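Chemist: My structure is below; once you've seen it, I'll send some questions.
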Ligand code: SF4
Ligand code: SF4
Ligand code: FES
Ligand SMILES: [Zn+2]
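Protein chains in written order, with UniProt numbering: chain G, 37 to 109; chain Y, 2 to 94; chain A, 47 to 151; chain F, 10 to 106, 119 to 133; chain P, 1 to 181; chain H, 57 to 743.
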């Protein structure tokens, strides 16, 4: 739907990767920091990324787009 | 009286010289001594003094239809530089 | 014949601004000013018809200005030499960060 | 047969130039039948083409440059005769058979 | 017959004017000769009892555009009798003909043709010196550093002329040079 | 040994040199050099992160540690002063192991995002990890993480990568002159930021991208677009102003990807302004690509070059010679301006000038329109008097030199003009010419300070050259200059700051507006890229021809449009405000059917019946040699040969109108920047 996706995606039957990643709700974390590997098996994921959750907005993993939020505060 | 009539004869005067070379020394004295009077009597005439590090002393006048005449000022004394200008003003203009 | 009369530039590439290391300077290259490229109308790939499109940066290198200049005139290329800019090493002191402002004026 | 040593002086080099001119120009009737140029160009026009190439280098004074030019000339000649790549209006490197030059170039493109 | 013996023996027995440089290293013993002595030095190495350098492995050129003699001609040689290898090199420019060693080693014939084809170095007394690898009517010597990777011309079939024809190159995607330095 | 990077060393006196030993080798360095600098002289490259040659020494990264004889501890070479007899060792096991340990600490909390980090491929941290600390990683605990900060539309932030080198903080306080970035907190949890939400509003803010050694501060409009290894580097100059800043243009195919500073100690010192760095976007937008004549319905139609040139040439002969007017644009090269002047003069007209305030100025003596002190010579002034000029927005890199001098030398600044925001302390002396009379007659605290200054510097803006009393103002300025001994054989403190890249060469070539109302009486108007002229003054029935690469209002009025190449697509000659002449270098092909500017004029002249005596650019430059020979002696520094004494005496009475502001919008100054997405965003938030 966006201009970035329209450059390569000429098929409107399915949802774009941008919309698909926006649909998965943020993952709630007990703590201010979370490590994302992108896979249950770290060797099959992306390089480990440590994400700070100090902001109120959901924090995005810069590799896979998963979002994390603080569970309590 | 011709020094009051350079505006009516040519459209533009250019003097090229070297900042330090001895070959440009007569031209520099000519510029340092005559420009004040020439500009005063010809207030609407561009007298472009353009100095470059390695150019032979020259003098250019621009008349009608961008027609131009040049005079080589090397090996000339300052009154002869004043003479060459008067020939430019009075002839071909 | 036809490619021997093109104008080139002999120059020493300067240091990049994104890195503080100086380990690429001192090299001399012949710029062929190959600036005729366009887009292929099937994929948009960068098309070119200039044989000297990339040889000046990939393979042709010279360790000195004189070596670069001699090769160009033997091949018949009309060249212009651009001298490289070099930094001026100036006296610096860590102590200057604490200089006394002087008597209250 | 073999590649000769470099010519000692300009008399030797220019002597080699005439043998090449003789050998290259003597092969024009062979070239005419190979490329079927009977109704295309006269033999004299190709003879004058070879002579013109030789004259355009008349200013060379180094005998070693002359030797290399003749060797490349023999190779160019041999490929034309032995392994012909027939185009229509060229053989090898040579074409066979009110405004100044600025506006023509200007109307064509921005790269001169 | 190790590389120490050859280096020491050659210095004592070889004529002094033949060698300008001698390098002993684990990368290979290497004699740098002048152009006019290359033939005689190789004949000495082949015939002498204590060297017996009978096999010419290959001849190759190297381009150094920054040098007044840009080309370096490298002779790699082997002695099966003593199980040793030797390297002899010489320099040349675009107009200096150098001696052919076909009379010493018949295998030099094709390798000298390749050097001429790839670099433009000519060989005195070579029996049949012509291009061996490139297409007929080729212009230039592609292994020179200044020669462009994709060359100057390309071929295609032209239906109106009913033949394969040569035209100046036109690339859909130009070769991308990546500068990782 | 060759100094690292060919760095030049200047000695005040040979007696003021000391001897040091670097890895045994002997080197002679000036007194006051640091150990690191002595290493540079000896051709030894010492790794460093926090040290920058143009910023104050910090000594916090500890990557420059070397071994010094008789010293118990490894020495931070960037900060330690070199001493006579000092024996410096840079590759002993103590130095190598110290570098290995520091590198391990640097990578301890560094994020694993080289593939998504724009610094990859041109990263100091990657290279020094490869070379010096080739230690397999043994840190297995949890890394720290940092949230990102919003600094505006130009600087993209990923603060997990920051290594707390404080280069950006020191740049903001010592070069930019705007104290907004700081280091907040304590310990491993210290963070670079502004604390409160605010954007980097300095016109030099984009330089923090260059100085940040990691990918923490990166260019937002460039983000993820390319890797450094696929970019072709072209060494050229900037045409956004009359400074001629040296730049490197990075391109991929027929497209400029980014613009970064190039070293030139005499002009910009590896800094550039935000306009120079972020205006490349407009180069591929709204480009005139084809010749175009307006049709019967008053709508443009593309045509060939032959048809377009014939239309213009056919109609130029139906107007009187005095009604032909040609205006050169602010981005015009010297070659194109010379051919324009030649064509107009052979069409019997004398109305050719360059757009801008300095259109009808007296160009006889070159001192009267150039910075005679020179940009690098401003560092020797102990007093600046700025009259009717806002350097911060007119010439950003010149303003940078002034700020640098005020902080280092404690030079005083007097400003006369409209209220403006300065990035350094300055006394506001007044807004109009009455202060110039006030300064001339003395009796003022600044008047005695100007008299008490050893090497004073007056800078007068070119925006005061279109005023009704330019002569009276310049007469007063010279009287202040002579009275205070501003011009001497050993110090030329009188300066004139031009605003446009084309102005210096136009004045040298003779492009001077004679008739002040020649535009309002014109029947033929040739606009050679002059998009900043007011086109309502052109009669509604006057043929207008526009030649350029962009355009907003002149394109609307033009009857014929001639597409022209941009400065990134040609070799042109440009002269900056200090008389330094440079040349652009072509980086990318031109777009559409555009042609080089001088080619269009030379082609149009032949079609119009005039024969000019040149077919190539080389003939044009030989012609220029007859007019302004310094224009063809590129990259040469030359002092002025004549001074104010030759100026005729002037008796006009000064007006009362206060000085006006030349540049209302720093980001919207030329047609390239006005076609830029990024410059539009900057005008929205950064202003
Ligand atoms: S700054 Fe970027 S490229 Fe350099 S080490 Fe860190 S993640 Fe990798
Ligand atoms: S953001 Fe960059 S320049 Fe600023 S302190 Fe961190 S690493 Fe240094
Ligand atoms: S460079 Fe010296 S401590 Fe950082
Ligand atoms: Zn992830």
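Think of the CB as a built atom: it goes at the ideal place given N, C-alpha and C, for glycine as much as any other residue.
Using only the heavy atoms of ligand 2, determine whether one of them is closer than 7 angstroms to the beta carbon of residue 544(H).
Modeler: Because no heavy atom of ligand 2 lies under 7 angstroms away, the Cβ of residue 544(H) does not count as near it: no.
Chemist: Check residue 26(Y) in the structure and name its three-state DSSP category.
Modeler: Looking at residue 26(Y) - three-state DSSP - the assignment turns out to be helix.
Chemist: Determine the chain H residues that contact residue 121(F) at a beta-carbon separation under 9 angstroms, and present them in chain order.
Modeler: Neighbours of residue 121(F) on chain H, chain order: 662, 667 and 671.
Chemist: Provide the residue span of the alpha helix (DSSP H) that contains residue 361(H), from first to last.
Modeler: Where residue 361(H) is concerned, the enclosing alpha helix (DSSP H) stretches over 361-372.
Chemist: Tell me, please, which residues DSSP counts as bridged to residue 58(P).
Modeler: DSSP, once it has assigned bridges, lists 76(P) as partnering residue 58(P).
Chemist: Does the structure place the segment 528-543 of chain H close enough to the segment 401-413 of chain H that three or more beta carbon pairs sit under 8 angstroms?
Modeler: At 8 angstroms Cβ cutoff, the stretches do not touch.
Chemist: Using 8 angstroms as the limit for Cβ to Cβ distance, is residue 133(A) near chain D?
Modeler: As a matter of chain content, chain D is missing from the structure shown, whose protein chains are G, Y, A, F, P and H.
Chemist: Under three-state DSSP, which class holds residue 85(A)?
Modeler: Three-state result, residue 85(A): strand.
Chemist: Apply the 10 Å Cβ neighbour rule to residue 161(P) and answer buried if 16 or more other Cβ atoms are within range, or exposed otherwise.
Modeler: Exposed, by the Cβ-count rule.
Chemist: Give, in chain order, every unbroken run of the alpha helix (DSSP H) that is at least 4 residues long and sits entirely within the segment 19-54 of chain P.
Modeler: For the segment 19-54 of chain P, whole alpha helix (DSSP H) runs of length 4 or above, ordered along the chain, are 38-47.
Chemist: For residue 63(P), which three-state DSSP category applies?
Modeler: Strand, per DSSP.
Chemist: Can residue 68(G) be considered in contact with ligand 3, in the sense that its beta carbon sits closer than 7 angstroms to one or more heavy atoms?
Modeler: No.
Chemist: Please report the distance separating the alpha-carbon of residue 103(F) from that of residue 372(H).
Modeler: Distance between the alpha carbons of residue 103(F) and residue 372(H): 45 angstroms.
Chemist: Could you list which residues in chain P have their beta carbon closer than 9 angstroms to that of residue 178(H), in chain order?
Modeler: Within chain P, no residue comes near residue 178(H); the closest Cβ sits about 10 angstroms away, beyond 9 angstroms.
Chemist: List the endpoints of the continuous beta strand (DSSP E) containing residue 196(H).
Modeler: Element bounds for residue 196(H): n/a, residue is neither H nor E.
Chemist: For a contact meaning CB atoms closer than 8 angstroms, what does residue 85(G) contact in chain H?
Modeler: By Cβ distance, chain H contributes 167, 168 and 169.
Chemist: For residue 180(P), which residues in chain H fall below 8 angstroms Cβ to Cβ?
Modeler: Those are 177 and 285, listed as they occur along chain H.
Chemist: Name all residues in chain order for which at least one heavy atom of ligand 4 lies closer than 6 angstroms to the residue's CB.
Modeler: Residues with a Cβ closer than 6 angstroms to any heavy atom of ligand 4, in chain order: 72(G), 74(G), 82(G), 85(G), 97(G), 99(G), 100(G) and 102(G).
Chemist: So, at 7 angstroms on beta carbons, what are the nonlocal neighbours of residue 54(G) in its own chain, with the 5 sequence-adjacent residues on each side left out?
Modeler: If we look at residue 54(G) and ignore the five residues flanking it on each side, its Cβ neighbours are 38 and 41.
Chemist: If the cut is a Cβ gap below 7 angstroms, which residues of chain H does residue 98(G) touch?
Modeler: 169 and 172, listed in chain order.
Chemist: Would you say residue 60(P) touches ligand 3, meaning its beta carbon is less than 7 angstroms from a heavy atom?
Modeler: Answer for residue 60(P): no, Cβ out of range of ligand 3.
Chemist: Does any heavy atom of ligand 3 sit closer than 7 angstroms to the C-beta of residue 119(H)?
Modeler: Within the cutoff, so yes.
Chemist: Please confirm whether residue 34(P) has its beta-carbon closer than 8 angstroms to some beta-carbon of chain F.
Modeler: Not closer than 8 angstroms to any Cβ of chain F, the Cβ of residue 34(P) fails to qualify, so no.
Chemist: Apart from the five residues on each side of it in sequence, which residues of its chain come closer than 6 angstroms, Cβ to Cβ, to residue 744(H)?
Modeler: Given that chain H is displayed from residue 57 to residue 743, the structure contains no residue 744(H) and the question cannot be resolved.
Chemist: Could you have a look at residue 285(H) and say whether DSSP puts it in helix, strand or coil?
Modeler: If DSSP states are grouped into helix, strand and coil, residue 285(H) belongs with the helices.
Chemist: Of all the alpha helix (DSSP H) runs that stay within the bounds of the segment 172-208 of chain H, which reach a length of 4 or more residues?
Modeler: 180-187, all fully within the segment 172-208 of chain H.
Chemist: Please list the terminal residues of the continuous alpha helix (DSSP H) segment that includes residue 87(Y).
Modeler: Segment 79-91, the alpha helix (DSSP H) holding residue 87(Y).
Chemist: How many whole angstroms separate the CB atoms of residue 335(H) and residue 728(H), which I take to be in contact at a CB cut-off of 8 angstroms?
Modeler: With 8 angstroms as the limit, residue 335(H) and residue 728(H) qualify as a contact, their Cβ atoms being about 5 angstroms apart.
Chemist: From the DSSP output, read off the bridge partner residues of residue 65(H).
Modeler: In DSSP, residue 65(H) forms a bridge with 135(A).
Chemist: Secondary structure at residue 446(H), three-state DSSP: helix, strand or coil?
Modeler: Residue 446(H): coil per DSSP, three-state reduction.
Chemist: Shorter than 8 angstroms from the beta carbon of residue 325(H) to some beta carbon of chain Y?
Modeler: No, because no Cβ of chain Y sits closer than 8 angstroms to the Cβ of residue 325(H).
Chemist: Taking contact to mean 3 or more Cβ pairs, one atom from each stretch, closer than 8 angstroms, check whether the segment 43-60 of chain Y and the segment 3-17 of chain Y are in contact.
Modeler: Yes: at least three Cβ pairs fall under 8 angstroms.
Chemist: Quick one: which unbroken alpha helix (DSSP H) runs of 4-plus residues sit fully inside the segment 78-164 of chain P? Chain order, please.
Modeler: Correct list: 108-119.
Chemist: To the nearest angstrom, how far is the alpha carbon of residue 104(G) from that of residue 88(G)?
Modeler: In a straight line, the C-alpha of residue 104(G) is about 9 angstroms away from that of residue 88(G).
Chemist: Provide the residue(s) that pair with residue 685(H) in DSSP beta bridges, ordered along the chain.
Modeler: The partner list for residue 685(H) (beta bridge, DSSP) is empty, contrary to what the question assumes.
Chemist: Rounded to whole angstroms, what is the Cα-Cα separation between residue 610(H) and residue 293(H)?
Modeler: Spanning the two alpha carbons is a distance of roughly 26 angstroms.
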